[PDB]
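To begin, one chain is listed below as structure tokens, in the form deposited in one PDB entry.
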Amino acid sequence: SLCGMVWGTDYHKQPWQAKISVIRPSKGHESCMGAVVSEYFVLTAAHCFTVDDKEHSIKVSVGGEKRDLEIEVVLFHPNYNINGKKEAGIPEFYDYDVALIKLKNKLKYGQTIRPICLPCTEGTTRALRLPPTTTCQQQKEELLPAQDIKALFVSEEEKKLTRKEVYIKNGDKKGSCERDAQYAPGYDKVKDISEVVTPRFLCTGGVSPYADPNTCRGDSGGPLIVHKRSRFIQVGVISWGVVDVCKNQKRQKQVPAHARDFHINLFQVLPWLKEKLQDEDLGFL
């Protein structure tokens, strides 16, 4: 497929966006986002589901449609466990916070429903107009160089999408961005912050080099996207933030230099993506 290409407003501009609603909602468990990655699969965050009967715990829609898609199986990353660091006084642990929604029915791609490119695929090689000798490490050097990286995510409200520009701190601001996990309630006592911020995470947010918009809980599972030569490449999955600016803008205005968002780096979950998606004709390297 020609991934990460516009085929207009809202889903005409971001046709890989998926909207997830929690069926039995509660405070902190209302909504998520995801990304169409193939005709049968939506990529999202594991923490969007109930661990029991995952398949009946959400509805998912694409293309800004009213209709819900039939969910056949939900596949959690096997390393994911929100309770895995409770003994270290870490109440919620978001390492490997990624899940695949396997749809019963094949999606029909159109103007409002298209797949996004994934890292280390032939789709991304072609989208970035790279040669057939291209390796996964070269794609990583192209997409996540050691610098502040221009990127974007999308928030949804009543079928309307808002694209937000953010910068991934992957250069000399990386350590500062990661250490700011201590501003997140519940992570403020851990002595070694690399216990919460593992190598699975990319870090956005803050006011340098630009005033990054922050994520909210309902953005969980949405794609973190790099825009290159009119193509959109997913590099991350929104996992967790220091401050939910939908609920607590007050707190972000108190600590704006430290208001970071954390995303699962898809380059760090490739063996799982490659295995689960091996029959989807995406041509993993």
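In this text, rigid core is short for the largest set of C-alphas that superpose within 1.5 Å between two forms. All residue numbers refer to positions in the sequence shown, first residue = 1.
What comes next is about the form deposited in another entry, which is not displayed.
**Student:** Tell me, with the core superposed, which single residue in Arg179, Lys164, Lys159, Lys85 has its C-alpha moved by at least 2 Å between the shown form and the other one.
**Tutor:** Correct option: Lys159.
**Student:** Taking the rigid core as the frame, does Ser230 move its C-alpha by 2 Å or more between the shown form and the other one?
**Tutor:** Moves: no, less than 2 Å.
**Student:** Under a superposition restricted to the rigid core, does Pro271 display a Cα displacement of 2 angstroms or more between the shown form and the other one?
**Tutor:** No: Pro271 shifts by under 2 Å between the shown form and the other one.
**Student:** Superposing on the rigid core, does the Cα of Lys27 end up 2 Å or more away between the shown form and the other one?
**Tutor:** Passes the 2 Å threshold, so yes.
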